[PDB]
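Derivation of every value follows stated rules applied to the coordinates shown; laboratory data play no part. With ideal geometry, Cβ positions are generated from the backbone for all residues, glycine too; neighbour counts draw on all protein chains shown.
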Amino acid sequence: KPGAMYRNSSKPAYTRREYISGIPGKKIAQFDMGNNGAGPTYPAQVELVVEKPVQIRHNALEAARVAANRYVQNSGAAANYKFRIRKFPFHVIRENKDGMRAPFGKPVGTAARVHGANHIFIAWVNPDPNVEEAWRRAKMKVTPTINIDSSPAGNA
Amino acid sequence: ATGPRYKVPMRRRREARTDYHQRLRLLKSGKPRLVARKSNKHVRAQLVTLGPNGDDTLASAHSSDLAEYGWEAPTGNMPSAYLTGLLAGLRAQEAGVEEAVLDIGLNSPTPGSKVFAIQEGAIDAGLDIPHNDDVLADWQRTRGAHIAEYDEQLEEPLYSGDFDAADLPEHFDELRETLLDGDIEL
Amino acid sequence: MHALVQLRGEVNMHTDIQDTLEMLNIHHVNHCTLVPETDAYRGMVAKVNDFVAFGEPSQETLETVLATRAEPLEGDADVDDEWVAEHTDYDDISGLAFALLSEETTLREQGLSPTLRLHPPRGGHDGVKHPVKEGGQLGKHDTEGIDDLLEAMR
Amino acid sequence: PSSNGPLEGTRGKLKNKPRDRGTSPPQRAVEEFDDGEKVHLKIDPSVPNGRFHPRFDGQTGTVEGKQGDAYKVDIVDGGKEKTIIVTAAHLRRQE
Amino acid sequence: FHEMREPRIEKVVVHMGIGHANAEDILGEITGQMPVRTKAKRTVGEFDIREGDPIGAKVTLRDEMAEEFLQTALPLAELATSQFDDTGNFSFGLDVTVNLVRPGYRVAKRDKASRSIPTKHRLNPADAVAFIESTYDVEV
RNA sequence: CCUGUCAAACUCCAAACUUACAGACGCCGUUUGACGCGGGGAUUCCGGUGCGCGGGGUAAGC
RNA sequence: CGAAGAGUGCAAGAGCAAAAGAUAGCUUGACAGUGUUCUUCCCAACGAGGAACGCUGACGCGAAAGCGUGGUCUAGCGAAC
RNA sequence: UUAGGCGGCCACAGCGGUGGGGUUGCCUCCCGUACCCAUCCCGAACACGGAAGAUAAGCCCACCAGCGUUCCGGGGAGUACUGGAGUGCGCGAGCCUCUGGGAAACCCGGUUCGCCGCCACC
Ligand SMILES: [Cl-]
Ligand SMILES: [Mg+2]
Ligand SMILES: [Mg+2]
Ligand code: NA
Ligand code: NA
Ligand SMILES: [Sr+2]
Ligand SMILES: [Sr+2]
Ligand SMILES: [Sr+2]
Ligand SMILES: [Sr+2]
Ligand SMILES: [Sr+2]
Ligand SMILES: [Sr+2]
Ligand SMILES: [Sr+2]
Ligand SMILES: [Sr+2]
């Protein structure tokens with residue numbers, strides 16, 4: 001199904017699992033990447049900031065995450081970097097798949113609501129920003145236009 | 001208090017001094033209360049009323065001021081209790097108080113009890129109080145006969161020093177008599 | 001004391017807003033009213049804010065408008081210094097104008113129609129789709145600004 | 001509403017704030033009001049009896065005599081005037 | 001200072017938790033006064049398909065009845081330490097529980113103006129061993 | 001301990017706002033009688049649109 | 001240690017701790033007559049049904065105030081002939 | 001209030017902690033079961049009778065702000081949200097300006113270790 005069907009916050013928050021059942025698992029493999037054994041004690045901290053409020057399905061969350069991290073293997077399988085996708089897909093989404101009769105939909109997926117300006121991804125690295133390219137690929141697979149933002153780096 | 005939601009009991013509940021459930025059923029009457037309280041050495045009777053900022057004691061008597069009328073005996077017994085009830089009752093009468101309802105607080109409604117004697121006293125003072133003669137002591141005990149006959153099983157004087165030797169409930173008869181007519185602070 | 005002038009019609013105007021204008025004695029576009037500054041009145045005029053032009057006028061402007069537009073509570077009589085003198089607690093239009101501004105009286109209290117029925121603004125106003133700060137004619141004005149308006153509607 | 005009983009949609013208004021939980025003080029369950037006195041109507045979550053229909057919470061009526069211990073309070077529901085039987089526990093003097 | 005601080009024995013509860021008895025007969029002989037039965041809350045597979053029913057009995061001894069018992073009961077026991085409650089209590093064994101506490105205890109057992117005993121007036125494991133040991137026998 | 005997130009059927013908080021009653025000012029009523037009461041006569045119980053807030057639906061001139 | 005997460009017949013939300021819960025004992029108010037008010041039906045007319053609150057009668061328990069017009073509250077209901 | 005009784009508001013009063021106080025008005029702990037009354041077993045409690053002892057409990061007085069709570073100043077924030085208006089912007093979900101209101105979390109510093117009523121009483 002197209003992102004067109006769910007990218008907008010056009011429905012009330014539907015996340016209570018005590019009342020919703022049969023929610024598909026998440027396609028997002030991990031939320032912590034890189035040397036997650038270590039702390040965010042790095043020199044440079046870049047982040048991908050979404051420019052529009054939107055709902056991002058776990059479908060796109062996993063494609064963007066892979067697209068970025070997989071590429072961040074320009075540093076090495078066990079390289080010296082950190083990477084965190086900080087949002088979780090809490091919104092349960094449905095699809096009415098009798099025409100418009102009794103059309104409440106059936107759970108078909110989950111998405112993460114992200115407001116304009118929130119950062120969806122954050123990386124921590126040493127002056128080794130192959131990450132800015134990692135996000136160019138990441139922002140390439142999520143609905144909104146985004147802006148890559150270096151948070152702590154005067155090391156031009 | 002563990003946090004924001006923690007519920008702290010009302011103060012007088014915290015202090016275990018006021019049974020608010022009984023207090024309510026008590027106030028329903030609309031009548032004043034004959035608050036009967038007691039201690040190890042003394043007894044106290046107060047006629048209390050409801051007030052915008054707290055209760056109002058319109059009259060009252062304490063076993064301590066029982067002496068002022070000729071009491072030379074201990075102050076934590078039945079005769080003392082009855083008398084105090086009568087003293088407070090009489091004072092209540094003067095103050096314009098006509099009727100009341102017994103408030104024994106956290107005490108137990110034990111037959112023959114002093115709280116009940118405090119009550120018989122107030123009723124004899126002329127105060128109209130809902131009661132039950134079947135739960136009141138048998139008069140002779142009120143006079144303190146139970147204490148005299150106990151001294152009969154002497155071997156050693158009951159009261160260390162004090163007055164008498166064999167005790168006198170008759171002393172009680174004298175005080176009840178002294179109280180039922182005239183005298184100051186009444 | 002503020003001068004209140006309805007510049008936007010009644011159609012599609014919320015009813016409690018139009019009801020307020022009527023309580024301030026204005027029932028037509030271009031009619032004006034002198035409302036004293038009280039918490040009570042302030043709430044009223046704030047409610048009407050988007051359909052009116054208001055502000056404190058100068059003694060001179062208020063005098064011009066009274067001379068040119070004020071009317072008797074009943075009748076087509078001319079309100080001039082002679083009229084004001086022989087009918088009001090005042091001696092001339094100025095005295096009146098001064099009392100109104102100092103809020104010691106009202107047009108009705110002196111036997112005048114509460115409203116001052118103005119003429120359309122000569123050379124037109126700044127527009128009824130934007131407030132003063134945005135270049136429109138709606139809302140609160142400078143004493144200089146409110147004067148420009150009233151003079152044009154003289 | 002999905003149902004139409006006396007307590008439909010009363011989740012919020014008939015619930016005590018955690019600290020107001022537990023038996024309420026008897027002082028106000030015994031308060032005396034005079035005919036003509038303006039009184040605010042609000043059910044006390046902790047008090048079971050003497051309640052009025054929840055729909056009337058918020059009303060400020062005029063006491064007009066009593067029935068037994070409960071009070072008879074006049075109010076105007078919309079444009080219709082009704083009389084409400086209500087015990088002190090659920091009332092507070094105005095001002 | 002002391003005296004109103006020195007340990008006391010407030011109750012010795014001897015009980016047998018069978019799960020069925022006439023055991024009351026012996027518990028009454030070894031103690032001196034009449035025993036009382038104990039019901040069992042909650043039902044269990046071990047054939048306790050009855051909630052309110054006799055499972056055991058007990059006896060609470062206070063004052064002399066308690067001492068006259070401990071004088072012939074303590075010799076029967078052995079252990080000490082790592083067998084004492086935080087409240088300066090200790091139980092051994094038919095079970096035998098000894099409840100120790102300081103003079104101003106009634107303040108937390110009466111009806112009027114109750115109050116929970118301050119941790120400073122609360123007896124201690126050590127203070128307990130002492131008192132007992134300091135009375136016809138040895139510790140650990 | 002630290003670290004990353006949420007709620008139509010969660011709430012330690014908490015608006016704008018809506019609402020009861022009263023007072024004040026305004027407006028209005030006492031020859032245009034208001035507010036209220038009684039009686040006669042209806043028509044009406046396919047509505048629609050914009051705006052705000054919506055719930056359903058990928059959406060719709062749904 | 002522990003304001004309440006237990007329990008209170010059953011949905012859900014709400015109420016309850018010297019109790020509205022537990023245990024024990026006693027008891028039959030799950031009583032008769034007749035109303036007020038609200039609800040049903042917001043506003044605003046409409047029956048059966050319901051509830052809160054009175055007056056009268058007769059009672060139970062309690063020292064007594066008092067509590068009991070069924071089960072803590074909101075479902076468990078039916079016209080004329 | 002050199003220690004009491006009944007309360008109102010019901011944590012600004014809770015939790016925890018330090019220090020002080022009793023020939024006596026007192027409150028207690030305390031001592032004791034002939035009686036009234038009591039233990040489904042215990043004068044533990046309840047109840048009754050009483051003062052040899054004590055200020056260690058409680059209690060009353062003075063105090064500490066680590067936790068919880070009430071309120072206030074500063075920052076967050078006139079931010080978030082929002083009643084009214086707009087031929088203002090945006091492909092659009094949506095945003096903005098003007099006008100009238102206006103949080104919450106959190107940080108920092110103060111406050112708070114109850115206040116008040118009636119009766120009694122060296
Ligand atoms: Cl007492
Ligand atoms: Mg004219
Ligand atoms: Mg000390
Ligand atoms: Na309450
Ligand atoms: Na002390
Ligand atoms: Sr929608
Ligand atoms: Sr078809
Ligand atoms: Sr994109
Ligand atoms: Sr509304
Ligand atoms: Sr009931
Ligand atoms: Sr004893
Ligand atoms: Sr498009
Ligand atoms: Sr402001």
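Residues of C:89-96, mean number of Cβ from any other protein chain within 10 Å of their own Cβ, rounded to a whole number?
Counting Cβ atoms of other protein chains within 10 Å of each residue's Cβ and averaging gives 0.
Using the Karplus curve 6.51 cos²θ - 1.76 cosθ + 1.60 with θ = phi - 60°, work out ³J(HN,Hα) for each residue of the stretch C:110-126 in order, rounded to whole Hz, and write x for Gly and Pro.
Running phi through 6.51 cos²θ - 1.76 cosθ + 1.60 with θ = phi - 60° gives 9, x, 10, 5, x, 9, 10, 7, 7, 9, x, x, 4, x, x, 9, 6 Hz.
Taking the Cα centre of the protein assembly as shown as the origin and placing charges on Cβ (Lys, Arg +1; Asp, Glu -1), which of C:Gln59, D:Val30, C:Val128 is farthest toward the positive end of the dipole?
Working it through, the farthest residue towards the positive pole turns out to be C:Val128.
Please report the spacing between the Cα centers of the stretch B:168-186 and the stretch B:111-167 in Å, no decimals.
Distance between centres, Cα-based: 15 Å.
If amide hydrogens are placed 1.01 Å from N in the peptide plane, which non-local residues have theirs closer than 5 Å to the one on A:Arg113?
A:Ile56, A:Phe90, A:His91
Please say if chain D is rounded, prolate or oblate, where rounded means a/c under 1.5 for a ≥ b ≥ c the square roots of the C-alpha gyration tensor eigenvalues, and otherwise the choice is prolate for a/b larger than b/c and oblate otherwise?
Note, shape of chain D comes out oblate.
Using the count of nearby Cβ atoms within 10 Å as a rough guide to exposure, how do E:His20, C:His141 rank from fewest to most?
The fewest-first ordering by Cβ neighbours comes to E:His20, C:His141.
What average count of beta carbons from other chains do you get within 10 Å of the Cβ of residues in D:20-32?
Per-residue shielding by partner chains comes out at 4.
If you take every DSSP beta bridge whose two residues both sit in the protein assembly as shown, what share of them, in percent to the nearest 5, is antiparallel?
For the protein assembly as shown, the DSSP antiparallel bridge percentage is about 95.
The stretch E:6-61 to the stretch D:27-56: how many Å between their Cα centroids?
If we compute the Cα centre of each part, the gap is 52 Å.
Given the DSSP H assignment, sum -39500 (n - 2.57) over each helix run of at least 4 residues in chain C and divide by its residue total; what's the result at 222 nm in deg cm²/dmol, nearest 500?
-10500 deg cm²/dmol
Can you give the percent of C-alpha pairs in the protein assembly as shown whose distance is more than 36 Å?
Across the protein assembly as shown, Cα pairs with separations above 36 Å total 76 percent.
For the stretch C:58-113, just the Cα atoms, rotate onto the principal axes and tell me the three extents in Å, largest first.
Per principal axis, max minus min of the Cα coordinates gives 27, 20, 17 Å.
Given the convex hull of the Cα atoms of the stretch B:50-141, what is a quarter of its surface area in nm²?
6.7 nm²
Between the helical axis of C:39-48 and the dominant principal axis of chain C, each derived from Cα atoms, what acute angle in degrees is found, rounded to the nearest 10?
50 degrees
Report the antiparallel proportion of the DSSP beta bridges in chain B as a percent, rounded to a multiple of 5.
Counting only bridges with both partners in chain B, antiparallel ones make up about 75 percent.
Go ahead and estimate [θ] at 222 nm for chain A from helices alone: -39,500 (n - 2.57) per DSSP H run with n ≥ 4, summed, over the residue count, rounded to 500.
-4500 deg cm²/dmol
Please identify the trypsin sites (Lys or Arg not before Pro) of the stretch C:38-114 that satisfy two criteria: DSSP loop assignment and at most 16 other Cβ atoms within 10 Å. Which are they?
Passing sites in the stretch C:38-114 are C:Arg108.
Please list 3J(HN,Hα) in residue order for the stretch C:79-88, calculated via the Karplus relation 6.51 cos²θ - 1.76 cosθ + 1.60 where θ = phi - 60°; whole Hz, with x for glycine and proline.
9, 10, 4, 5, 5, 4, 4, 7, 10, 10
Using the Cβ atoms and a cut-off under 12 Å, what net charge is assigned to the surroundings of B:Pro4, where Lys and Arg are +1 and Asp and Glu are -1?
+4
Would you mind counting up the charge near B:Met78? Only other residues with Cβ under 12 Å from its Cβ, with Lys and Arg at +1 and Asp and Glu at -1.
Neighbour charge sum, excluding B:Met78 itself: +2.
Find out how many positive minus negative residues lie around E:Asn99, taking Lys and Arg as positive, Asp and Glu as negative, among other residues whose Cβ is under 11 Å from that of E:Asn99.
Every neighbour counted, the sum reads +1.
If each DSSP helix of 4+ residues adds -39,500 (n - 2.57) and the sum is divided by the residues in chain B, what number results at 222 nm, nearest 500 deg cm²/dmol?
Value at 222 nm, helices only: -9500 deg cm²/dmol.
Going by a ≥ b ≥ c, the root eigenvalues of the Cα gyration tensor, does the stretch C:85-154 fall in the rounded group (a/c under 1.5), the prolate group (a/b larger than b/c) or the oblate group?
Prolate.
Which loop-located GluC sites (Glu not before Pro) does the stretch B:111-182 contain, where loop means any DSSP state but H, G, I, E or B and the Cβ has at most 16 other Cβ atoms within 10 Å?
Qualifying residues, ordered by number: B:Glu155.
Can you list which of the chymotrypsin sites (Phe, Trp or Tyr not before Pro) found in the stretch E:103-136 are DSSP loop residues with at most 12 other C-beta atoms within 10 Å?
The qualifying sites are E:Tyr136.
Only counting other Cβ atoms within 10 Å, I'd like B:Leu168, B:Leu180 sorted with the fewest neighbours first.
In increasing order of surrounding Cβ atoms, one gets B:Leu180, B:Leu168.
By count of other Cβ within 10 Å, fewest leading, how are B:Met78, C:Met13 ordered?
Least crowded to most crowded, the residues run C:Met13, B:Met78.
Specify whether the C-alpha gyration tensor of chain B places it in the rounded, prolate or oblate class, a ≥ b ≥ c being the square roots of the eigenvalues: rounded for a/c under 1.5, otherwise prolate if a/b is larger than b/c and oblate if not.
Prolate, because a/c is 1.5 or more and a/b exceeds b/c.
I'd like to verify something in chain B: which complete DSSP H helices, judged by Cα projection on the helix axis, reach 18 Å or more and average at least 1.6 on the Kyte-Doolittle scale?
Helices meeting the span and hydropathy rule in chain B: none at all.
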